[PDB]
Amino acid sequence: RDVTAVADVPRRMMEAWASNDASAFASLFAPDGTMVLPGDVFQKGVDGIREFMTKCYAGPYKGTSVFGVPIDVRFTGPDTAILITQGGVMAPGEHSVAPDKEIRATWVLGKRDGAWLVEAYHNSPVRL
């Protein structure tokens, strides 16, 4: 069963995010991985993400943690799977994502050398 290896990827992030570890966060991505977030956010490559998330974790994302569940998991090929999760960012102090900051995310996972990595990430708000 590799269906559990796929679902561990969003879990691997929550721990990396909870530690506010930019390196552990960016190391989830494929070497030429993509990440697009609401706002003027677009980072390509592991180095481009580690730099952005370091400045983020030291700023507006400090003391924040994330949580979300997969609401759709499908495999396209043998080495590529696509996830759609739903959760968001918790502020420091609160133990629940505010509905104004709830998001849905598209995870494009790729398999190489027996492991899965994020080929592309992208999320958007659920509320307006």
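Throughout, we count residues from 1 along the sequence that is shown.
Engineer: Between 35-43 and 88-96, point out the one with the higher average CA B-factor as the PDB entry records it.
Structural biologist: Mean CA B-factor is higher for 88-96.
Engineer: Do the C-alpha atoms of 50-58 or of 68-76 have the higher average B factor in the entry?
Structural biologist: It is 50-58 that shows the higher mean C-alpha B-factor.
Engineer: For the chain shown, is the CA B-factor of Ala16 in the lowest, middle or highest third of its modelled residues?
Structural biologist: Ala16: CA B-factor falls in the middle third of its chain.
Engineer: In terms of the chain's CA B-factor thirds, is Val6 lowest, middle or highest?
Structural biologist: For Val6, the deposited C-alpha B-factor lands in the middle third.
Engineer: Compare the C-alpha B factor of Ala105 with those of the other modelled residues in its chain, then answer lowest, middle or highest third.
Structural biologist: Its C-alpha B-factor, which the entry lists for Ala105, ranks in the lowest third among residues of this chain.
Engineer: Could you place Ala120 in the lowest, middle or highest third of its chain by Cα temperature factor, using the values in the record?
Structural biologist: Lowest third - that is where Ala120 ends up once the chain's C-alpha B-factors are sorted.
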